[PDB]
Amino acid sequence: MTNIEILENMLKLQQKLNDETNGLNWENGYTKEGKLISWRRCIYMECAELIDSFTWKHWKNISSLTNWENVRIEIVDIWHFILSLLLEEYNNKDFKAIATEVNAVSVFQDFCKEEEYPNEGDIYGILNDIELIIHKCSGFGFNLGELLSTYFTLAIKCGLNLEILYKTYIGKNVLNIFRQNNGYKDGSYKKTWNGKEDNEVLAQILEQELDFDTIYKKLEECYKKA
Amino acid sequence: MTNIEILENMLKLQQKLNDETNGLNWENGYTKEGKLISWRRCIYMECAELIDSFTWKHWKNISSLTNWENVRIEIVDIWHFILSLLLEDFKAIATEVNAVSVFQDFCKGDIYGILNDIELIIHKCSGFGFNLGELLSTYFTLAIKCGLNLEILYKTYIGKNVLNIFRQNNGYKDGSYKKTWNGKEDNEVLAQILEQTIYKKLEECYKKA
Ligand SMILES: O=c1ccn([C@H]2C[C@H](O)[C@@H](COP(=O)(O)NP(=O)(O)O)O2)c(=O)[nH]1
Ligand SMILES: O=c1ccn([C@H]2C[C@H](O)[C@@H](COP(=O)(O)NP(=O)(O)O)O2)c(=O)[nH]1
Ligand SMILES: [Mg+2]
Ligand SMILES: [Mg+2]
Ligand SMILES: [Mg+2]
Ligand SMILES: [Mg+2]
Ligand SMILES: [Mg+2]
Ligand SMILES: [Mg+2]
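- Labelled according to the PDB entry, chain B appears under the name DEOXYURIDINE 5'-TRIPHOSPHATE NUCLEOTIDE HYDROLASE, originating from Campylobacter jejuni.

- Looking at the PDB entry, chain A carries the name DEOXYURIDINE 5'-TRIPHOSPHATE NUCLEOTIDE HYDROLASE, with the source organism given as Campylobacter jejuni.

**Regarding the site of ligand 2**
- Residues in contact with ligand 2 amount to 21 residues; listed here are only the nearest, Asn18, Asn22, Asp77, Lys160 and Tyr172 of chain B.
- Around ligand 2, the neighbouring residues derive from chains A and B rather than from a single chain.
- Side-chain polar atom of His58 of chain A to an oxygen atom of ligand 2: 2.9 Å apart, as the coordinates give it.
- Residue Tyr172 of chain B places a side-chain N or O atom 2.6 Å away from an oxygen atom belonging to ligand 2.
- Considering ligand 2 on its own, with 530 Å² of exposed area, one finds that the protein chains cover 97% of that surface.
- Contributions of two or more residues to the shell around ligand 2 are made by α1 (3-22), α2 (39-51), α3 (68-87) and α8 (150-169) of chain B.
- When residues of the shell around ligand 2 are assigned to their parent elements, the largest contribution, four residues, is made by α1 of chain B.
- Classifying every residue of the shell around ligand 2 by side-chain character gives five nonpolar, seven polar and nine charged.

**Concerning the coordination of the magnesium ion (ligand 3)**
Residues and elements named next belong to chain A.
- Coordination of the magnesium ion (ligand 3) by the protein is provided by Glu46 (OE) and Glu49 (OE), with metal-donor distances spanning 2.0 to 2.1 Å.
- The distance between the magnesium ion (ligand 3) and the magnesium ion (ligand 4) comes to 5.1 Å, with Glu49 serving as a donor to both metals. Taken together, the positions of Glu46 and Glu49, both in helix α2 (residues 39-51) and three residues apart, correspond to about one turn of that helix.
- Look at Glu46 and you get buried, because its relative accessible area is 6%.
- Judged by relative accessible area, which is 30%, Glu49 ranks as partly exposed.

Analysis parameters
Residues numbered from 1 in each chain as written, not as in the entry; some residues may be left out. Chains lettered and ligands numbered in written order. Heavy atoms only, no water. Near = heavy atom within 4 Å. Polar contact = N/O pair within 3.5 Å; in protein donor to acceptor, adjacent residues only side chain to side chain. Areas by Shrake-Rupley, 256 points an atom, 1.4 Å probe, with all protein chains shown as cover. Helix = DSSP H or I, 4+ residues; strand = E, 2+ residues; numbered from the N terminus. Nonpolar A, V, L, I, M, F, W, Y, C, P; charged D, E, K, R; others polar. Donors = N, O, S within 2.8 Å, 3.2 Å for Na, K, Ca; no water. Buried < 20%, exposed > 50% of the residue type's maximum accessible area, 1.4 Å probe, protein only.

The structure is reproduced here in structure tokens:
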């Protein structure tokens, strides 16, 4: 698959998931149940989850190491919401055009190369990069291009590349569907499965498996034992 | 009590807590263990907790109602960090706070509006260039909308300040503290105690976690 094909595939997956979650024409700003959609708030709330994957608190668990497994999950959650904002921001949707525009972001090319492992000395800078995303998404707006650039730069610093993002995205997209199919809206969903959060179980599954439908089935099996 | 006394007391309690937690001269930006302090980050992270006290998500638990108990706790957590910024004597600081026009009103629904005020605080705490005075006004405007007044802030602040000391005395720093006590977050147990010396209750309660 070309870089643009990978991006088109994620956009198409995001569209389908949003359509199923929110109803058609969620792009107009509300779900079918009348709830306001704020993709920017979604993003800065995942940014808070991302920050909490690091030992940023000066008063709590100060010798603990970075949770890099969760870092990757939160980077992927952010991406779901950025894809959503791309689709919202814009009858006939041209996914290839959108993909082509994302592909032209200067740092995207760098994102497509092999990932580098981060280390403790990178955390200060990573936290400041996340803070910039929070700032951009909490104001008036807002520039979608600067957001993409800042996002890919952050994702590189966090040890992701397009490959890791894509494969993890697919898995989380499946879990997102699973959640909606199992009581996420009405509060009946159990997010902890025999002591592990669903994201952690998904990560275990992803160590082996990439196939969309196989992932769903495996989630189903594990959730029976939740 | 007068408003100035209430403010001075909070500022005094904050200094004590920060001294005990971080060591003397935390005002220079580092803890005794050499960790960099960012009060603004502390604030926007509590803002996230505050947002999460409302049914903001369009895709999850969409019929749930606001957790006003937790709203009060997060408004109080934000206040600890604002006091820390103010401090980063007490009479003069209290005098400035008391002069904030919205503060006077504070001494006396619309969830998406509340959320927008929280968002403004997040925005102000995450940019390059910061104004503490403007944050104060936004904060008290929000706290009114959340149903607090000075009395509620002050009484809840005292209680959480006690929990904060308790935490530090019981392994918060080294990861041995249990933050969930027999199925309830420590903040929820605190809230139950505050319906009703606080430190002794916490210590007794902590025994069965
Ligand atoms: O309209 C929506 C709403 C949610 N999500 C997904 C994206 C993200 O992957 C996830 C975040 O769900 P959450 O409820 O914040 N839980 P967690 O952050 O632990 O995944 O929800 C969408 O893709 N579209
Ligand atoms: O230097 C510090 C560090 C922390 N805190 C307090 C303020 C706040 O009340 C609490 C927040 O701690 P937390 O670990 O974020 N946990 P929670 O938000 O659940 O109370 O910590 C201070 O007062 N000073
Ligand atoms: Mg989330
Ligand atoms: Mg998370
Ligand atoms: Mg997340
Ligand atoms: Mg907190
Ligand atoms: Mg909280
Ligand atoms: Mg809090």
